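Novice: experimental structure below, sequence on top.
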Amino acid sequence: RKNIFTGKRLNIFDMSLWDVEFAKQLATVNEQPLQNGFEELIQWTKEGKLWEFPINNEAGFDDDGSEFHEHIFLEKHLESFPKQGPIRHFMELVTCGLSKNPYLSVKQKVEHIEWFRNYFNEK
Amino acid sequence: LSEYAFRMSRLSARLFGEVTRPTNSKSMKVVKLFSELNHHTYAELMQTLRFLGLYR
Amino acid sequence: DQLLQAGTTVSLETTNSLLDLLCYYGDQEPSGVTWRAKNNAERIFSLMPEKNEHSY
Amino acid sequence: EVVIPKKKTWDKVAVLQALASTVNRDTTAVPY
Amino acid sequence: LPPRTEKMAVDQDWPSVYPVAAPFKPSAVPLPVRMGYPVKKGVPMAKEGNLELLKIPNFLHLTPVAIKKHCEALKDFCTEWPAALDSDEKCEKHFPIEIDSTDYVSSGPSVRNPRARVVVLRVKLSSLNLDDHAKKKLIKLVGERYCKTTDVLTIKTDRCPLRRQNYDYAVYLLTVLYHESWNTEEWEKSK
Amino acid sequence: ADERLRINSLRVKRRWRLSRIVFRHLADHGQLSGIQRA
Amino acid sequence: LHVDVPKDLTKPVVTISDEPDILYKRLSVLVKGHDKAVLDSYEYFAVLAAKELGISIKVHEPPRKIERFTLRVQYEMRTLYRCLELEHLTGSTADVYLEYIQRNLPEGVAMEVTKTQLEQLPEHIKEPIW
């Protein structure tokens, strides 16, 4: 007349690929077919096939964690160029043009500046 | 044009990042330049599906 | 076997991974297999120099 | 006094889970 | 085989039949709906096999009962507007700056839109602590961005690629404009 | 693209990407979204 | 389901964070379509959802646009509009409402959501630098 969780016990205690496959076959015990459309949408969202809502038009894009000062102030890369000549004028204009380019990353702008540096160095 | 308007305008240009030196307009073009930025393969897919017995 | 022939010393963790794979699949490629004496896993286990808890 | 409410954050699929729990199984249809 | 509309009761739970946006299924929709320009001494085409009914973006998955039963469950995700802000008069008092940003929903594989980076800051100059000289300088400096009728300064930033960067740029532009308006040069003496 | 631009700086229904005949064929069938002939 | 019903359901986890919520003065949802009936049905759906979620909504119809082009054979494209201004809604309510109505966006209809967040002046601008 007593519940099965009371009685004699052992009393002996007191308080790689193997793991990967173990977890994979744990995944199976709760592997049932989709039961309706909402579950299908949830499954695809978890898989990442579906867009996130509300739509963020810049989702998955962070521009390498760049800051605005790295895009708008690009004149620090013109230090190795002439400081008061006509090349200074042309490069100031070029960096003004690059700083107003929203389609380019900072890396592309700096490599443009470096190409100009190299071309003038050869000449 | 009062020279006061002139230097106040070129200060505005420095603050907002426009070209401070007015370089006329013909040489202003490169600012615009730098401000901006396969039916073949699909057919051998169709051929491959044919070979595998899944097209036509 | 190629690395052994080349005389290159294989690290302990790597050979442990080898024995993991061989034991879990029992010398067969991924799709019961009965344990065969003198199969590859036993040869790897015998060939390794210092045997730790993980290999056993 | 402007008491700005605290932001509520929810999981990626919370809205879909709510909408799914909102509808029950169809008795006259085969599985989806 | 027979359609399953024959097995549907007249008091069924319709939302469960169409949980989500699904196309018109004549074997699942229990309506004798017809559509099509009739022929002479003819009738509009029946639903079974009608491509025109299959072309409609049907709202069967969104019925008033379904909408209510959905938005009743979605209430748990909402917060309450601060009751102190009863009208726009107090909104323009306690929160002077207005930041306008846009998102675009098209259909396709790419979620990107070039127009989502634009940010528009709007602030009334009367909310900023500027003296006579400061306000004169700021107005002359901004130019057309200031509208005299509304007393509003509108700074639109789109230079940076992202939207947070443009918002930061707009904030920095406002910061400089204020500080450089509150400054008098040796040049500024002889107006 | 970048290389050619740098030196330069110092100095039919293409709208839909269809053949002009084909665009008529598609649009007559109603295939194009919103292209109603008037 | 007359007898067999789920006994309990997993309500999604919505945790009340400590960070203060965003406040939106206005939220203009401009929906564009080739069909006026779809836009009317979507207007009914969105308005009903807005009334039930407590959001204040006002609807109007911006003017229709026409793109006419000749290849003689002449073709035309219609763009009809419906603009839904929500007012005085917080960040979470706006986010959930937008998720709902954008997931339920009908075929061939695009959306342009303009959000006007309310913010305070930066502390740097409260007084001039000395």
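Specialist: Done, it's in. Numbering: from 1, shown residues only, chains lettered A, B, ... in the order given.
Novice: can you count the residues close to the closest residue to residue E:84 other than its chain neighbours?
Specialist: Nearest residue to residue E:84, sequence neighbours excluded (Cβ to Cβ, 6 or more residues apart in numbering or on different chains): residue D:2, at 4.6 Å. For every residue, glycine as well, the C-beta is placed using N, CA and C. By other Cβ atoms under 10 Å in any protein chain shown, 15 other residues sit near residue D:2.
Novice: ok, residue D:2 touching residue E:86?
Specialist: No - the pair residue D:2 / residue E:86 is not scored as a contact, 10.9 Å apart, by Cβ atoms under 8 Å.
Novice: next up, the contacts around residue E:119.
Specialist: Applying Cβ atoms under 8 Å, 6 or more residues apart in numbering or on different chains to residue E:119 gives the contacts E:99, E:100, E:101, E:156, E:157, E:158, E:163, E:166, E:167, E:169, E:170.
Novice: state the helix or strand in which residue G:28 lies.
Specialist: strand G:23-33 (DSSP states H and E).
Novice: same check, this time on residue E:168
Specialist: Assigned by DSSP H and E, residue E:168 falls in helix E:163-181.
Novice: from the contact counts, what lies against that helix?
Specialist: helix A:68-72, helix B:3-16, strand E:97-105, strand E:119-124, helix E:132-142, strand E:152-157 (3 or more Cβ pairs under 8 Å, 6 or more residues apart in numbering or on different chains; DSSP states H and E).
Novice: now the third one against strand G:23-33, angle please.
Specialist: Regarding strand E:97-105 and strand G:23-33, their directions subtend 30 degrees when assessed with axes from the mean of the first three to the mean of the last three Cα atoms, to 10 degrees.
Novice: ok and strand E:97-105 relative to strand E:119-124, angle-wise?
Specialist: With the same axes, to 10 degrees as the basis, strand E:97-105 and strand E:119-124 are set at 150 degrees to each other.
Novice: list the neighbouring strands of strand E:97-105 plus their orientation.
Specialist: Take DSSP bridges as the rule and strand E:97-105 pairs in its sheet with strand E:119-124 (antiparallel), strand G:110-119 (antiparallel).
Novice: looking at the helices and strands packed on helix E:163-181, which is nearest to residue C:51?
Specialist: Minimum separation from residue C:51 across the helices and strands packed on helix E:163-181 (Cβ to Cβ) falls at helix A:68-72, 55.1 Å.
Novice: CA atoms only for the closest one, dumped as CSV, please.
Specialist: The C-alpha trace of helix A:68-72 is given here as CSV (Å, rounded to 0.1, in the frame of the first residue of the first chain):
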residue,chain,number,x,y,z
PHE,A,68,30.8,56.6,-39.3
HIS,A,69,34.1,58.4,-38.6
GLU,A,70,35.9,55.7,-40.5
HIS,A,71,33.6,56.4,-43.6
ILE,A,72,33.3,60.2,-43.3
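Novice: buried ones in that helix?
Specialist: Buried positions in helix A:68-72, judged by neighbour count with 16 or more other Cβ atoms under 10 Å in any protein chain shown: A:68, A:70, A:71, A:72.
Novice: ok, now stretch A:91-107?
Specialist: If you call a residue buried by 16+ other Cβ under 10 Å, then stretch A:91-107 has these buried ones: A:91-102, A:104, A:106.
Novice: the residue of chain G found nearest chain D: neighbour count?
Specialist: In chain G, the residue that lies nearest chain D is residue G:12 (3.6 Å; Cβ to the nearest Cβ). Residue G:12 has 18 neighbouring residues, counting by other Cβ under 10 Å.
Novice: which helix or strand contains the residue of chain D found nearest chain C?
Specialist: When scored by Cβ to the nearest Cβ, chain D has residue D:31 as its residue closest to chain C, at 27.9 Å. In this structure, residue D:31 sits in neither a helix nor a strand according to DSSP H and E.
Novice: nearest spatial neighbour of it, skipping sequence neighbours?
Specialist: Here the residue nearest residue D:31, using Cβ to Cβ, 6+ apart, is residue A:33, at 6.4 Å.
Novice: all helices in chain F, in order from the N-terminus.
Specialist: Secondary structure of chain F (DSSP state H): helices at F:2-10, F:20-28.
Novice: wait, which of the ones you listed is closest to chain E?
Specialist: Chain E lies closest, by Cβ to the nearest Cβ, to one member of these: helix F:20-28, at 16.0 Å.
Novice: in this structure residue E:100 contacts residue E:123, no?
Specialist: No - between residue E:100 and residue E:123 there is no contact under Cβ under 8 Å: 11.9 Å.
Novice: residues of stretch E:166-178 that come out buried?
Specialist: So for stretch E:166-178, counting by 16+ other Cβ under 10 Å, buried means E:166, E:167, E:168, E:169, E:170, E:171, E:172, E:173, E:174, E:177, E:178.
Novice: ok, and what's touching it?
Specialist: For stretch E:166-178, contacts defined as Cβ under 8 Å, 6+ apart pick out A:67-68, A:72, B:15-16, E:99, E:101, E:117-121, E:123, E:128, E:130, E:138, E:141-142, E:153, E:155-160, G:122, G:124-125, G:128.
Novice: next one: stretch G:118-130
Specialist: Applying Cβ under 8 Å, 6+ apart, the external contacts of stretch G:118-130 come out as E:91, E:94-99, E:123, E:127-129, E:171, E:174-175, E:178-179, E:182, G:23-25.
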